[PDB]
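Asks: As given, the protein sequences belong to chains t, y, p, 0 and r, one line each in that order. Residues 2 to 208 in the deposited numbering are what the first sequence lists, from first letter to last. Residues 1 to 157 in the deposited numbering are what the second sequence lists, from first letter to last. Residues 2 to 260 in the deposited numbering are what the third sequence lists, from first letter to last. Residues 76 to 149 in the deposited numbering are what the fourth sequence lists, from first letter to last. Residues 1 to 196 in the deposited numbering are what the fifth sequence lists, from first letter to last. Ideal Cβ positions, reconstructed from N, Cα and C, are used throughout, including at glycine. Encoded as structure tokens, here's the structure I'll be asking about.
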Amino acid sequence: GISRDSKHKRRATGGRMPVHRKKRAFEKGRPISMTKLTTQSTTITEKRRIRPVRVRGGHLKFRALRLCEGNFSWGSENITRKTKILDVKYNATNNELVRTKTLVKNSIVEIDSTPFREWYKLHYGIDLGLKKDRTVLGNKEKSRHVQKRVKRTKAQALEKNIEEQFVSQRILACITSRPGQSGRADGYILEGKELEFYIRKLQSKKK
Amino acid sequence: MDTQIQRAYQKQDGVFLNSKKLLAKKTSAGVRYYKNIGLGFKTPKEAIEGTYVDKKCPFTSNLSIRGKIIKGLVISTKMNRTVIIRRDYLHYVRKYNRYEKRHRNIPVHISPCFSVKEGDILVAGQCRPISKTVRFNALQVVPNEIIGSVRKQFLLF
Amino acid sequence: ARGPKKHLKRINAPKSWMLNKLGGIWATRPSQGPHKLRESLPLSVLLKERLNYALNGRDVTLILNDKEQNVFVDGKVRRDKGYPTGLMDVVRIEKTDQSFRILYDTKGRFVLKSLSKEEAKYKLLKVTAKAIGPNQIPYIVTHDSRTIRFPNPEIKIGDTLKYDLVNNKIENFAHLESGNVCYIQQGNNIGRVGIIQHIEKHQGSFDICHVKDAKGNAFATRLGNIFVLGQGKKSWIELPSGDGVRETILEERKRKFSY
Amino acid sequence: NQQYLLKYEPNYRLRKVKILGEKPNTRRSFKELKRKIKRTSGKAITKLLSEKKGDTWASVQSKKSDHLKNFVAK
Amino acid sequence: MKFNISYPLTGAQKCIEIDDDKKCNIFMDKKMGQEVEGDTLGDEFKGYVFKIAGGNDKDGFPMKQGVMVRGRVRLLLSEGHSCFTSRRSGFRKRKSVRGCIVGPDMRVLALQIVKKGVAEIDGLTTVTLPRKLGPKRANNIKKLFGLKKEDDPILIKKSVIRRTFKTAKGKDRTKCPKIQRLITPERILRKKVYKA
RNA sequence: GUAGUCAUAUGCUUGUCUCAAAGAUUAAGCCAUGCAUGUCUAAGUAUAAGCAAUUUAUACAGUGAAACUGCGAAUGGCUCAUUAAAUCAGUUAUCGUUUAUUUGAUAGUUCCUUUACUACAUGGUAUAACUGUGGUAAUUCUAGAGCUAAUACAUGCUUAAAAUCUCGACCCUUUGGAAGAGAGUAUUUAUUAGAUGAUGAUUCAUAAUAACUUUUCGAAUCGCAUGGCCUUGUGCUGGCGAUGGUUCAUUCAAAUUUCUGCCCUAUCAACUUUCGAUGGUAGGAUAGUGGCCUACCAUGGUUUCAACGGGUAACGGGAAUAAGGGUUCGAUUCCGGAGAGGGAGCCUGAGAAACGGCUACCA
């Protein structure tokens, strides 16, 4: 009965505070649920594991214990595909969560560019594989291929950081979902303000 | 680089625009969360063109204000964006048919927008519990001068 | 507390039921329905102590359980010892084709008004909330916990509708604004009926309202307690105890024993 | 209709006109059968039940019914 | 060690008392439901194969497949367990039960006859039980009489079974069961009604 | 002084009439003896006379045995023992939280396999109950044999083609004809709505939106009402309810929650910070708010209006008349927290800090 009643505290004026009530059941406090990653099945066969907990109202709440694949969205483009997350880096909350590759709502991680690479290719005619072969278009320029241009000319100035990411195969993104609460793990792809920044934490972190 | 990192590990907004804004390369991109609690309250000029990321603000967040609204003098400036206001009222005494003085202390949250100072009258609103004590946010600040002891100062404001 | 209450005490059951103090110890507890606990009249009360058609407790048990169906509430059959018949309702006693209004006194006691097959058709509904829901559609809701689909758009949240039960059709509504007639569903002033004077909103969380009536008395109550009994002076239903207006203990005496 | 009167009036008002009859002491035994039954498996329970002081409602009816047919007049 | 030996196939319930020690010595240190070679009973059991059906201690304590321990252990039982009855979900109880491993402490061991041998036991082969309950679900009925799916109800109605008996009252009645699952017009009416 | 004591004091003991009080008061001394929350049909399960009691529905009458059910059995009721604590009072909506109960409402986009969709003349199971075979100092015991249900498991194409959604030309006037216009949700994020509901209020909705979710959704109901429709078997006709589901608010709630108020005490001065004393923050729990914690740091701030703090066994406190007066009430606490050997863990669930569910441990 790990409770959370604010009784076992000390009122403003730090004087101990009285109790007449045994711990009451609605102050429930469930066992924490650290969330790891299977981006290393060196031991861990069963890729992802999610256990459902019977919550109050009568509903179920799925709890993420072990995972390997989540869903992520590229802010800029409005694209979202399910991908395989790689390694967790910098958890902010604490560095131990990174050491155990645990999944916090706001844990910054890596993903496979594959789905985004695949897409950025189909909609712009730009693979993002090593720079030289850059574009891959059609043979004749009379029909609908005229659009991959129109979009491509949209000065798709995807930050020098977004570019490097793709080619390296790794992609930076933060999460936005309580695994211990919904069982999933969804995140947005890192960019501008935070990208530049979180990276800094990483550059200086190792150096 | 300052308002963003400054120790803490990140500071976005409720309306996650940012980096995506680079998509609307012509109009105004520098959006920040804008609001208006209303209830006959003006929204601070400073609140709008600020870089501050205070989730516990009543103009920069999905923090509501409901019912109880307060006016009280300020005691301390210490604490991170939190202040203690002291209210001074009289209590009646059934028997002797007279009053005595009394003071309740209140934990108030202060969005960066308005600038504090010790010993000034402040107006708090009733916002959801933000912490053990906090349950009030500042909405309107009036600067005032008290030459010395804030404790000595007792006004049926 | 253990869980959720489930009974009710003689002593604790509302003065609106004009109940028997010596009676027993309990009292039929209203069933979760269209009207709130305090603002309601469970059938058992309605027939036993009210109409007096029933009597002993088992008397009811027959009436509402008998395969004949003797009780109707707003054009529907009811067989629950304590269905909470609320304000502005229409109850029909099958076996006699009796039609009643569930309305409060002027002294705040639940009164049964006899209606003609005519009014028994229309029932007055007050508007709870108003917002648009699923697939671009407008919904209105009445105190009577009625949920309305595609309602006339000229209807503000604090409105009052006239309902044709027979066709489950609306007709002639009327919001609350300076210059209407109203009934107060609850308060130190319930059972009164007058002309709305003006509605001062204070937003801080509680708006108020004023009123006048027959002897031109000044009335004060919170909006939530105003029910628009009609638009511009003409009331829409026959009121109990003559007109919705109470007398000084002094006026009662002079009217009755003429002092 | 005495045929209505017979359906509505209380079982106690009927024994009073000497139409329904007796009111034997149920309490004690019923409380004692609860005793046994609460401690058995269906097998015997059924049997026991075939011994709980009479006066079924099904019984009350047949007796009510008999007053029905056998009576006519005024 | 007394034996409650049951024979599936026919429904033969027999009880054997085996006093001498030497015979039973084969059941020692064997698990629940193992394959018994009942030749350590040269008597009436010449070439037989049993399954150790269950256990009972000198104190009425049954066995619990799984709890592999030659002795009694005490556990908390939840629904879904044996030697445990319900009555209000979570009737969790500290009930004590006898292990899965067979021991000399065992008083009664039940057995299930898999393959009988040349030998012949009276209580077992002498039986011919007239199991009383014939199919009752529409589908189970036809499954016994043939009748492919397409087969109309009325067919199954008159294709059911009936039972006659004489009552302790010297009475002669005829009884028969309802067939929940029978596709009637009513069921059909309702479905159209619903989609209407 | 006085006697009386209208002092008792208890100390002596007698027709007809009743609004009618009596181990909380000691210890919050517990279970002698007596004792004990289960249950019903329009309604879900009963034998073609082995529940079977008739009696002759008759292919499933009642009729019930028993079971299955499915329900409540988190209700109280006694218990301050605590508790100087918001306990509690007001005094908070809860943009911060959960919600049976009750209604109201209510749900076309599930294929589209590249319709032997099989074909829904609505699936599969599984089981009891049940007959039996038993065991044992002996169980709410239980064994092994068989049974059968089913409103329970477990399902499950929704065709009859080109499903059904969603433009609409167009006339063709209505029957509209409409061409050919185009095509569901619990669970996720991620954007966009939202200019064109709402708030002071919104990143609000309820929108979408994709994705992508071991994830849903979705009446293999029963009940009478089967006589109208055409067909003539037909197709219906389902009527109407029972029996569901759906989400919303529908009371149900709680659950917070401001905003006034316990005894004294300054001979309380000071207090509170190792993780919380504060802020603020990352997460995580939490069902879901919260230092509640993980961190991570802010130093906080409380306070003579005595704060830290101390001391008051403290469980604890609604009606109305009323020139004046007359009077009186709710009824031995309206109110309202903490115990049901010790401890532990666990239990139900809409819904328990489950007393009177466990366990297991102790006793």
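Compare the C-beta of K20 (chain y) against all C-beta atoms of chain t and say whether one is closer than 8 Å.
Replies: yes
Asks: Does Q204 (chain p) get closer than 8 Å to chain y when you measure Cβ to Cβ?
Replies: Closer than 8 Å to some Cβ of chain y, the Cβ of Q204 (chain p) qualifies, so yes.
Asks: Could you compute how far the alpha carbon of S236 (chain p) sits from the alpha carbon of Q137 (chain p)?
Replies: 35 Å
Asks: Where does the unbroken alpha helix (DSSP H) through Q77 (chain 0) begin, and where does it stop?
Replies: Taken as a continuous stretch (DSSP letters only), the alpha helix (DSSP H) holding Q77 (chain 0) covers 77-83.
Asks: What residues from the segment 57-68 of chain y come within 8 Å of chain p, judged by C-beta to C-beta, listed N to C?
Replies: Residues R66, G67.
Asks: Answer with buried or exposed for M1 (chain y), where buried requires no fewer than 16 other C-beta atoms within 10 angstroms of its C-beta.
Replies: That one is exposed.
Asks: For a contact defined as C-beta to C-beta under 8 Å, what are the partners of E164 (chain t) on chain y?
Replies: The contacting residues do not exist; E164 (chain t) stays about 14 Å from chain y at best.
Asks: Would a C-beta distance cut-off of 8 Å place residue 212 (chain t) and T14 (chain t) closer than the cut-off?
Replies: Outside the modelled stretch of chain t, which goes from 2 to 208, sits residue 212 (chain t), for which no answer is possible.
Asks: In chain order, which continuous runs of the beta strand (DSSP E) of length 3 or greater are located wholly inside the segment 29-81 of chain t?
Replies: Annotation: the segment 29-81 of chain t contains the following complete segments of the beta strand (DSSP E) (minimum length 3 residues), in chain order: 50-55, 61-68, 70-75.
Asks: Taking CB distances under 8 Å as the criterion, tell me whether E28 (chain t) reaches chain y.
Replies: no
Asks: State the Cα-Cα distance for the pair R30 (chain p) and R94 (chain r), rounded to the nearest angstrom.
Replies: Cα to Cα, the separation comes out at about 42 Å.
Asks: 8 Å is my cut-off, CB to CB: does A65 (chain t) come that close to chain y?
Replies: no
Asks: Can you give me the Cβ contacts of residue 1 (chain t) inside the same chain, cut-off strictly under 8 Å, excluding the 5 residues immediately before and after it?
Replies: Outside the modelled stretch of chain t, which goes from 2 to 208, sits residue 1 (chain t), for which no answer is possible.
Asks: Give me the Cα-Cα distance between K255 (chain p) and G4 (chain p), rounded to the nearest whole angstrom.
Replies: 52 Å
Asks: Assuming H211 (chain p) and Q232 (chain p) make a contact with CB atoms under 8 Å, what is their CB distance in whole Å?
Replies: At roughly 18 Å, the Cβ-Cβ gap does not stay under 8 Å, so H211 (chain p) and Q232 (chain p) are not in contact.
Asks: Bridge partners of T82 (chain y), per DSSP?
Replies: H109 (chain y)
Asks: What is the C-beta distance between residue 281 (chain r) and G55 (chain r), in whole angstroms, given that I count them as a contact (C-beta under 8 Å)?
Replies: What the structure shows of chain r is the stretch from 1 to 196, and residue 281 (chain r) is not part of that stretch, so it cannot be assessed.
Asks: Name the DSSP beta bridge partners of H9 (chain t), please?
Replies: Beta-bridge pairing links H9 (chain t) to no other residue.
Asks: For the structure I just gave you, are there three or more beta carbon pairs, one from the segment 115-124 of chain 0 and one from the segment 72-85 of chain r, closer than 8 Å?
Replies: no
Asks: Going by C-alpha distance, which of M19 (chain p), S17 (chain p), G25 (chain p), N226 (chain p) is nearest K10 (chain p)?
Replies: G25 (chain p)
Asks: DSSP beta-bridge partners for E37 (chain r)?
Replies: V49 (chain r)
Asks: Per DSSP, which one or two residues make a beta bridge with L42 (chain p)?
Replies: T86 (chain p)
Asks: From what residue to what residue does the alpha helix (DSSP H) around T121 (chain 0) run?
Replies: 117-124
Asks: For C15 (chain r), tell me which candidate among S82 (chain r), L124 (chain r), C100 (chain r), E150 (chain r) has the shortest Cα-Cα distance.
Replies: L124 (chain r)
Asks: According to DSSP, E97 (chain 0) sits in a beta bridge with which residue or residues?
Replies: Answer by DSSP bridge pairing: none, since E97 (chain 0) is not bridged.
Asks: Quick check on the DSSP output: the alpha helix (DSSP H) that includes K195 (chain r) runs from which residue to which?
Replies: 185-195
Asks: I believe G14 (chain y) touches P58 (chain y) by the beta-carbon criterion, under 8 Å. Please report the beta-carbon distance rounded to the nearest angstrom.
Replies: 12 Å between Cβ atoms; not a contact.
Asks: What would DSSP say about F91 (chain r), mapped onto helix, strand or coil?
Replies: coil
Asks: Helix, strand or coil for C24 (chain r)? Go by DSSP, reduced to three states.
Replies: helix
Asks: Can you give, in chain order, each stretch of the alpha helix (DSSP H) that sits fully within the segment 54-132 of chain p and has at least 4 residues?
Replies: Taken in chain order, the unbroken stretches of alpha helix (DSSP H) that lie wholly in the segment 54-132 of chain p and span 4 residues or more are 58-64.
Asks: Does the beta carbon of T3 (chain y) sit closer than 8 Å to a beta carbon anywhere in chain t?
Replies: no
Asks: With three or more C-beta pairs closer than 8 Å as the rule, is the segment 187-205 of chain t touching the segment 165-173 of chain t?
Replies: yes
Asks: Relative to the alpha-carbon of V194 (chain p), which residue among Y164 (chain p), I171 (chain p), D106 (chain p) has its alpha-carbon at the smallest distance?
Replies: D106 (chain p)
Asks: By the criterion of Cβ-Cβ separation under 9 Å, what are the contact partners of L139 (chain y) in chain p?
Replies: Correct list: empty, because the minimum Cβ distance to chain p is about 13 Å.
Asks: Does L129 (chain t) have its Cβ less than 8 Å from a Cβ in chain y?
Replies: no
Asks: My guess is that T222 (chain p) and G245 (chain p) are in contact by the Cβ rule of under 8 Å, so how many angstroms apart are they, rounded?
Replies: Not confirmed; about 13 Å, so no contact.
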